[PDB]
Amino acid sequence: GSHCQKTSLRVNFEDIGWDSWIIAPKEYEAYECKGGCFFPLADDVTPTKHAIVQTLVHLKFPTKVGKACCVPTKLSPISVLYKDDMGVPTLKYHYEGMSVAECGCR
């Protein structure tokens, strides 16, 4: 079974062009949600009714409707050292929505 779950994704800020304002860290663990949303479903996939219905419609009309998507359903913050307006290193202690805490089918 190849289902919806959290897997590693280490993100280098230089690589996405955010080194222009993030001094540190260089890299972080963002994680990614990977996996299929198909029947039979897993139990920590926490599907909405809509995701279930859509997956079923896709099974019957695959060319016309896509299947539900394995996505983050909860995110966590990281700390970033960034450059203030004046250019001063300023800590953002809780920089929200940066790392995957949980995945599910939506």
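Numbers follow the displayed sequence, beginning with 1. Definition used throughout: the rigid core is the maximal C-alpha set that superposes within 1.5 Å between two forms.
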Discussion item. To spell it out: superpose each other structure in 5 other deposited structures of this protein onto this one by the rigid core, compute Cα RMS over structures and residues for 38 to 46 and for 62 to 70. Which is larger?
Written reply: 38 to 46
Worksheet, complete the sentence: Per the PDB entry, mean CA B-factor is higher for 93 to 101 or 7 to 15, namely for 7 to 15
Response to the item:
As the entry reports it, the stretch among 34 to 42 and 69 to 77 with higher mean C-alpha B factor is 34 to 42
Worksheet item: If you rank every modelled residue in this chain by C-alpha B factor, which third holds residue 26: lowest, middle or highest?
Response: highest
Worksheet item: Going by what the PDB entry lists, where does residue 50 fall on CA B-factor within its chain: lowest, middle or highest third?
Response: lowest
